[PDB]
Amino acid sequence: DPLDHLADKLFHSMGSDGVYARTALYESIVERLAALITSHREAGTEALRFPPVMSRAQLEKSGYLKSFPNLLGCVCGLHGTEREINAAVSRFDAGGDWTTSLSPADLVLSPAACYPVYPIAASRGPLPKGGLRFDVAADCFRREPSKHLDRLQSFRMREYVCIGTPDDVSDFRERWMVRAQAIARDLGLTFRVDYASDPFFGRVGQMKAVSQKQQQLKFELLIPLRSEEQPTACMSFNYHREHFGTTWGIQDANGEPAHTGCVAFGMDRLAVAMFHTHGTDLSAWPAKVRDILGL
């Protein structure tokens, strides 16, 4: 793979595909990218930071199982008695299988940063005029093992989320599609923005994706890393219509089920994109790129 050469300076193996330790070099660029994204945050945007786990009940209610059940990471634990747990450990000691004593907790690993924000927004009552905007971030998980450096299981996601009328969300997405491209341009990245679809599971899934594409509910900023025919999506721009509004009983200022949308930044994909484009030697990065990153 064309990205493979970056591994030595950016990552250390943690004995599992798609799960890597991050070097100081790598993390310094993730941090600078995070700071750059923050500097573009719209006024009146509330910042929340989510842990890498969230309520399994909230995720189920959001309809995640209808869409990507194959990607979900669930938290499980030894929830039994001292006696049963001791027996699980004994099995392990004999080289047997302790994992049969596992049962699901009430938590999942969060598959996107925005999911926990909707119930939080709902609890505040009806939306003000102009809606609400959130700046959210989480370490996310997706059960898709791969050796490609742009396809991780554990990765950092940053999102700006808009909740309001169709117009509020539409205007928000349009601002951010322009703004995202300006950012990528100042970062010296090559890209295009194109219609896209989420990888819905199953036969029925395939068709949901076709319809999503036709309705243009999802755009991606695609950067050609390994090839120009197989570019990597490093940002997405998502319109959910009233799905979360209806699910969580969120009402806009005109008493209608709120619409929602988000702009998502894949922090690890953007950092890998930067190192691939500009190399691992930061002193040699282009002057304007070093400038806009505060290097």
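Between two forms, the rigid core is the largest collection of C-alphas that superpose within 1.5 Å. Residue indices: 1-based, along the sequence shown.
Q: With everything overlaid on the rigid core, name the stretch, 149-157 or 93-101, whose CA atoms wander farther on average in 9 other deposited structures of this protein.
A: Higher root mean square deviation of C-alphas in 9 other deposited structures of this protein is shown by 93-101.
Q: If you average the CA temperature factors as listed in the entry, which stretch comes out higher, 161-169 or 204-212?
A: Comparing 204-212 with 161-169, the higher mean C-alpha B-factor belongs to 204-212.
Q: With reference to the PDB entry, specify whether the mean Cα temperature factor is higher for 133-141 or for 120-128.
A: Higher of the two, by average CA B-factor, is 120-128.
Q: Reading the B-factor column of the entry, which of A184, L225, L102, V75 has the highest value at its C-alpha atom?
A: The C-alpha B-factor peaks, among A184, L225, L102, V75, at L225.
Q: Highest Cα B-factor in the PDB entry belongs to which of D150, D106, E220, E82?
A: Spelled out: the listed residue with the top C-alpha B-factor is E82.
Q: Classify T246 as lowest, middle or highest third according to the C-alpha B-factor given in the PDB entry, relative to its own chain.
A: Answer is highest: the recorded C-alpha B-factor places it there.
Q: Among the modelled residues of this chain, does the Cα B factor of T190 put it in the lowest, middle or highest third?
A: CA B-factor rank for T190: middle third.
Q: Considering every modelled residue of the chain and its Cα B-factor in the PDB entry, is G255 in the lowest, middle or highest third?
A: According to the entry, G255 has a C-alpha B-factor in the chain's highest third.
Q: Mind checking which third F92 falls in for C-alpha B-factor across the chain?
A: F92: CA B-factor falls in the highest third of its chain.
Q: Using the temperature factors of the C-alpha atoms in this entry, rank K66 within its chain: lowest, middle or highest third.
A: Highest third of the chain for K66's C-alpha B-factor.
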